[PDB]
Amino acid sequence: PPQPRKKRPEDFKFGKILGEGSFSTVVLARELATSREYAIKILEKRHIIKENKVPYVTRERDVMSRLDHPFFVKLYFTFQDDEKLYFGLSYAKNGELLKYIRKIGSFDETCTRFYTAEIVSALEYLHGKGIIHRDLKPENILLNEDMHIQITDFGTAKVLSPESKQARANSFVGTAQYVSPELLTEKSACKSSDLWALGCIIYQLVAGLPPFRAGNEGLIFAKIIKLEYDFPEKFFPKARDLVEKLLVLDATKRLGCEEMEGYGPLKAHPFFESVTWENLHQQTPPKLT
């Protein structure tokens, strides 16, 4: 069918900068005709052309256009003018999960469980569509007005080809603290690489910092491939067990991966015993304190 009229910059009143990326800026904007607020990601054409970033922009648009699930930032529209590309995104009013980890220091068990469950639910959806995120981290897990998660940053995601039953992706992307050992050693990532990142994130929610810590990337890489980390005291025992079943060097042995028979066993883990999985995005999140 036809679609709505293509939008233009003059259709919006732009407000504050929400954040700045290496080759993008996200600005809060109100659509004049509706009074709706959007986070509009803006890229300068000559800059991403000069700096060979066009593939990432195309990737972000293509991957986001495939998503239809409440735990992801939504791509509503795109438009361009002579100088710029514009992505109209849902506005995640409460910002990055990382902000809350820093502020509060350590999530309690109820909050760790709830937010872990939402991330697991989101990954189940993404992996079911054959998509690897590859840069899952608290900075990329935003929070909407109701404090549900909104995962973002899909420019470095990968749609695995169904036609070839593709399992491995060859682009080297990610963030050192959360990068999987297989990417470092085998030079490819798989869906299970996101489960490794999940393990790091669960650890971080409880411990306050992610498990592989150092002042530079190479030192972090060295720890990752040796599985060199420890748990702080008082780390919730069932959460520790879960993390130990995710932070596994062999990607085929991580709870939740295809070779471990998928998300059923992961959702069945004792840490999640009280979770109602079916309708998390309609549940009231526990207050973060």
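When you see a residue number, it is the position in the sequence shown, counting from 1.
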Inset, instruction - Would you mind comparing 49 to 57 and 217 to 225 for me and telling me which has the higher average C-alpha temperature factor in the entry? - result: 49 to 57
Inset, instruction - Taking the mean of the C-alpha B-factors per stretch from the entry, tell me the winner out of 162 to 170 and 109 to 117. - result: 162 to 170
Legend entry - Candidate residues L89, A189, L195, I104, the one whose C-alpha B factor the record puts highest: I104
Legend entry - Peak C-alpha temperature factor (PDB record), options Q177, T152, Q80, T156: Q80
Legend entry - Entry-reported Cα temperature factor of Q204, expressed as the chain third it lands in: lowest
Inset, instruction - Using the B-factor values recorded in the entry, state whether the Cα atom of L280 falls in the lowest, middle or highest third among the modelled residues of its chain. - result: middle
Legend entry - Lowest, middle or highest third - CA B-factor, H148: lowest
Inset, instruction - Could you look up the Cα B-factor of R134 in the entry and say which third of the chain it sits in: lowest, middle or highest? - result: lowest
Legend entry - Entry-reported Cα temperature factor of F14, expressed as the chain third it lands in: middle
